[PDB]
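Each chain is listed here by its residues.
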2 protein chains.
Amino acid sequence: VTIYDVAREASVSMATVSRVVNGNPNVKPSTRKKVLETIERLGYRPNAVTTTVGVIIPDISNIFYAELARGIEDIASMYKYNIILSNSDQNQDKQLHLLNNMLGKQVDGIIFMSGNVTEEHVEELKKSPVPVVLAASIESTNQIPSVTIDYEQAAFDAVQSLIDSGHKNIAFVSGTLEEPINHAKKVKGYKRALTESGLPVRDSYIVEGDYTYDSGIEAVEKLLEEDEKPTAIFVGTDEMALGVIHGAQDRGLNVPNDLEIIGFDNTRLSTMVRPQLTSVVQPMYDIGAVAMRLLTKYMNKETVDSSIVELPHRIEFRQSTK
Amino acid sequence: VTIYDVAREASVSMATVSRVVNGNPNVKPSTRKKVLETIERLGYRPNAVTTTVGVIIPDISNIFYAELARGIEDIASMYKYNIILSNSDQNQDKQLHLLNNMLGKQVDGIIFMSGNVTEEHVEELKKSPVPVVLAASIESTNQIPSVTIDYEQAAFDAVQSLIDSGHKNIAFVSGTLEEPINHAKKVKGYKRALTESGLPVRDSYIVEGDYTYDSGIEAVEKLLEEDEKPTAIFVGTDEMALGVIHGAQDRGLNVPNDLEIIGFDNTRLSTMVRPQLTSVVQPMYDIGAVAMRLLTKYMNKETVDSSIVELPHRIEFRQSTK
Ligand SMILES: [Ca+2]
Ligand SMILES: [Ca+2]
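Residues numbered from 1 in each chain as written, not as in the entry; some residues may be left out. Chains lettered and ligands numbered in written order. Heavy atoms only, no water. Residues with missing side-chain atoms left out of burial classes, pairs and counts.

1. A word on the coordination of the calcium ion (ligand 1)
All names here are of chain A. Rules: Atoms are scored as donors when they are N, O or S and lie within 2.8 Å of the metal, with 3.2 Å used for Na, K and Ca; no water is included, so coordination may look incomplete. Where helices and strands are cited, they refer to DSSP runs of H or I of at least four residues and of E of at least two residues respectively, numbered from the N terminus. With a 1.4 Å probe rolled over the protein chains alone, any residue whose accessible area is under 20% of its type maximum counts as buried; one over 50% counts as exposed, and the rest are partly exposed.
Around the calcium ion (ligand 1), the donor atoms from the protein are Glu221 (OE) and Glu225 (OE), and they sit 2.4 to 2.8 Å away. Linking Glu221 with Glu225, this pair stays in helix α9 (residues 213-225), spanning four residues, or about one helical turn. Look at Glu221 and you get partly exposed, because its relative accessible area is 41%. The class for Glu225 is exposed, based on a relative accessible area of 58%.

In C-alpha cells, the structure reads:
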C-alpha cells in the first residue's frame, strides 16, 4: 500500500495525497476527508517503516482449476508467500499480456496453466527473468519446468481397460491434433495400448474434434459410419465424450453395452451424463501443490534434479464402461 | 487517451510523460524512447484538440449472456455509442463495486444483469446519477426500469403444455424461493396454470433446489418419494432439469414416457442431455437490444411510457416432453 494506491482509490493525484498527508491547509476539506478515509481503509502509513508468485489459469470458476488453485494456495499459506492469481480465459494474445502483467507487478515467480501452450509463449517465458513452471500444461519442447500427469501413460491405461474388457476395435476422439497433449501424448498412448496387444492402428479410428460437445457428436457419427464399427471409444476430454455418448445414443446404441466410452479430466460433466462417464482423473490439487514447490526450489536457487515432474493419475470407472 | 493513460502504460509518472512530451533533454533516452512508443501506440496527441454505457453481466463466455451482449452491442454500433462491458461472476459485494466502477469511469448509463438482484442493489441504483435499466433481471420492487420476458406467463405456458398433454400431477423444482423470479413469478405461473385447469396446488410438489445439477437430482428423488408421484415436472432452470432428468433415469423411469420434464433459459445444457430438454427460450438478443434502446430513451430525457418492458418468450419443444 503506497501513495499511488491511495491516489487511485481516492480518485485523486499522488501530489494531492501527499498534500493531505503533509497536512496542507488549503486542500478542500471534502477531498481531505475522502483521502484520510482512504488512508485509513487501506492501512496507509505516511512513514517509511517477502516473496510472491503470479498464477495464470483459464478461469477461477472451473472446478478442476479451482483444486489446482487450492493446492497452489495451501503451499503459499505454509510458505508465507502471497498469491497474485489472474483468470485468463486462455487465449494467445491475452494470456501473454497477463503474463507480462505479473512481471510488471514484481512477482518472484510464475505458475502458468493453459490447454494450448503455444511455441510463442516459450520464447517469452525464457526472457522472463523470474522462474516459471507450468501446471497441467505441456510444451513438447520440454525446456520449461512442468508438473503434470503422464498423459501418454494415462491414455495407455484408459485404452487398456477397453482392451482388457475384450474390445479389438477401439477408436480415439481427439482434441485438435496440433496440440502436443494430443499428437505427442494421447494419440501415442492410445497407439501404444493397441500395438502392445497386437491390435490394429487404423488412421480412420482417430477422429479430430475441437473440444466441443458437438464435435464429439460428429465424431461418433463418423466412427459409426466406418466399415468395422469401433465397439469402444477413448475421448480426449469429457466435453467431447458427452457428445460421443449422446450421438451413439441417438443412433440407437447402448452405452456401455453396444459401445464403451472413456473420457478424461474427470470434469463436472462426467457425472452429468447417463451413463456417467468413466474418466481419467488428474490430481489437480497435488499438481498445484508440487508446481508451487518446484517453483520455490528454483526461486531459492536450489538444485532441482528433474524439471519435468509426472504425478500418478487414476481412472474413475463409472457406467460408460461396463 | 490522456497523459495518465500513457503513464500507466509506460510504467512512468504523468510528470515524466509531460517531460518527454515537452522534449525535456535530461530524460533518460530509454525512458524517452519507451514513452514515445507508448504515445504513438495509444495515439496520444499532446495538443488539446460522445455517449457511452456501462454493461454488467455475470460472464462474457456464457452463450445466453453472449446473445444479450450482442444485442446491446449492435444498438451501440448504430447509435455510435461505445460499450464498457464488465464480467462480474454475479456476487453481492463484487457486482456493487463493478457498478461504482462504471460511475467512476464516466458512463452515461448502465445496463445491469444479475440472477439475484438484491434489495441492497436498488438503494444504490437510485443514488446513481446516470440512468440504469435491468436486462433479464427483476426486482419485485419495480422502481428500476426492466426489460425481460414475462416470467409468470412463461411459467404458465410451460406447465400448460404438461396439462394439455394429460398430466394432473405436476411438480415444480425451483431455484431458491427467496428470489422474485421464483416466488413471485415462476411459482405463481405454475400455480395459476394448475388452478386454471382445476388442478390441485400441493405444497409438496414445490421443491426448492439451489440452481445446481445435484439439487435437481435431490429434488426428483424427493418428488418420487411422494404418495401420488408427479408424472411431470417443471424446472426453473436448465441445470437443475438435467439433474431432474438423470435422477428419474437413475430411478428406472423413462423421460418422457414415465415422467415429462420442462426446463427454462434454453441453455447449452438443454441440448446436452438425453432426452434433449424442452425449455423456455428467452429472446436474449432482443432483451439486450431493447434494454439499450430503453436506456437511451432515459439518457435522451425522452418520455418513456412503461418502464417495465416484457418481451415474448417461446418454448423449444424437444424430447423431454412427449
Ligand atoms: Ca453423416
Ligand atoms: Ca432419500
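2. A look at a negative patch on the surface
To keep it simple, the criterion reads: Like-charged residues within 9 Å of one another, or nonpolar side chains (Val, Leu, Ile, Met, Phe, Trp, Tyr) within 5 Å, are grouped into patches, provided each residue has over 30% relative accessible area and no salt bridge. Per-residue and other accessible areas follow the Shrake-Rupley method at a 1.4 Å probe size, with only the shown protein chains counted as cover for residues. Salt bridge, as used here, is a side-chain nitrogen of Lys or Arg placed within 4 Å of a carboxyl oxygen of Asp or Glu. Working convention for charge: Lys and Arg count positive, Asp and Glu count negative, and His plus the chain ends are omitted. Charge positions are represented by NZ for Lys, CZ for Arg, CG for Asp and CD for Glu.
On the surface, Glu208, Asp210, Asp214, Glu218, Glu221, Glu225 and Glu239 of chain A cluster together into a negatively charged patch. Top contributing element to the negative patch by residue count: α9 of chain A, with four residues.

3. Some details on the interface of chain A and chain B
Under the convention used in this document: Whether two residues touch is decided by their heavy atoms; if any such pair falls within 4.5 Å, the residues are in contact. Two parts placed together each lose some accessible area under a 1.4 Å probe, and adding up what both lose gives the buried area. Polar contacts, as used here, are pairs of N or O atoms within 3.5 Å; protein pairs need one atom able to donate a hydrogen and one able to accept it. Residues neighboring in sequence count only if both atoms are side-chain atoms.
Taken together, the contact pairs 16 residues of chain A with 16 residues of chain B. For the pairing of chain A and chain B, the buried interface totals around 1,400 Å² over both sides, and the portion due to carbon and sulfur atoms is 51%. If you sort the residues of chain A by the area they bury against chain B, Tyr213, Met272 and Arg274 of chain A come out on top, with a joint share of 42%. Run the count over chain A and chain B and you get two salt bridges. A salt bridge links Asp250 of chain B to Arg274 of chain A; the nearest nitrogen and oxygen atoms lie 2.7 Å apart. At the surface where chain A touches chain B, the tally comes to eight residue pairs in polar contact. Listing elements by their share of the side of chain A that touches chain B, those giving two or more residues are α1 (3-9), α9 and α10 (238-250) of chain A. Element by element, the count of residues in the side of chain A that touches chain B is highest for α10 of chain A, at four residues.

4. Focus on the pairing of strand β9 (residues 260-264) of chain B
Residue and element names in this part refer to chain B. Quick reminder of the rule: A pair of strands is labelled paired if DSSP reports no fewer than 2 bridges between them. Here, the term right-handed applies to a crossover whose path from the first strand over the helix to the second runs clockwise when the strands point away from the viewer.
Counting buried positions over the five residues of β9 gives five, a clear majority of the element. Here strand β8 (residues 232-235) runs beside β9; their pairing, made up of three bridges, is parallel. Along β9, the bridge assignment pairs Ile233 with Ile261. For the handedness criterion, the β-α-β arrangement of β8, helix α10 (residues 238-250) and β9 is classed as right-handed.

5. Regarding helix α2 (residues 14-21) of chain A
Residue and element names in this part refer to chain A. Short version of the rule: Our arc is simply the arc of the directions from the helix axis toward the C-beta atoms.
For α2, the complete set of buried residues consists of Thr16, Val17 and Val20. Taken end-on, α2 shows its buried residues confined to a sector of 100 degrees, consistent with a single buried face. Buried residues along α2 sit against α1 and α3 (29-42). A positive backbone phi angle near 70 degrees is found at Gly23, which sits one or two residues after α2.

6. Considering the environment of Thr2 of chain A
Turning to its location among the elements, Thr2 of chain A is positioned in the segment before α1. With 19 residues separating them in the primary sequence, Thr2 of chain A and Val21 of chain A have C-alpha atoms 12 Å apart.

7. A short note on the sheet that holds strand β12 (residues 314-316) of chain B
All names here are of chain B. Basically, it comes down to this: Lines fitted to C-alpha atoms define the axes here, with helix axes fitted over just the stretch in contact, and angles between the N-to-C directions of these axes take values from 0 to 180 degrees.
Read across the sheet, six strands follow the order β7-β6-β8-β9-β10-β12 without closing on themselves; strand pairing throughout is mixed. Since the sheet does not close on itself, it has two edges, and those belong to β7 (206-208) and β12, each with one partner. Taken pair by pair, the neighbouring strands of this sheet meet at an average axis angle of 20 degrees, ignoring direction. Sheet analysis places strand β6 (residues 170-174) next to β8, joined by four bridges and oriented parallel. Pairing of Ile170 across the sheet is with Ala232, part of β8. This element, helix α8 (residues 180-195), spans β6, β7 and β9 of the sheet and lies at about 175 degrees to β6.

8. Things to note about the UniProt feature "DNA-binding region" in chain A
To be explicit about the condition: UniProt positions are given in the numbering used here, feature names are shortened, and annotations may be inferred rather than shown by experiment.
The UniProt record annotates "DNA-binding region" at residues 3-22 of chain A. Along residues 3-22 of chain A one finds 75% helix and 0% strand; the C-alpha atoms at either end are 12 Å apart.

9. Some words on the packing of aromatic side chains
Aromatic ring pairs are reported here in terms of the distance separating the ring centres and the angle at which the planes meet. Defined as follows: Any two of the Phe, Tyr and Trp rings considered here, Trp counted by its six-membered ring, make a pair once their centres fall within 6.5 Å; the pair's planes then place it as stacked at under 30 degrees, edge-to-face at over 60, or tilted in between. Both a distance and an angle decide whether a charge sits over a ring: NZ of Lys or CZ of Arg must be within 6 Å of the ring centre and within 35 degrees of the ring normal.
Applying the stated rule across the entire model yields twelve aromatic pairs over all chains. When the centroid spacing of 5.4 Å and the interplanar angle of 15 degrees are considered together, the rings of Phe172 of chain A and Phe234 of chain A count as stacked. Within this pair, whereas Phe172 of chain A is found in strand β6 (residues 170-174), its partner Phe234 of chain A is found in strand β8 (residues 232-235), the two being separated by 62 residues in sequence. The structure contains a cluster of three or more aromatic residues connected by ring pairs, namely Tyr151, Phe172, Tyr190, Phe234 and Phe264 of chain A. Here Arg202 of chain A stacks its cationic end above the ring of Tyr205 of chain A, 5.5 Å away from the centre of that ring. Above the face of the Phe264 of chain B ring, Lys186 of chain B is positioned so that its terminal group lies 4.1 Å from the ring centre.

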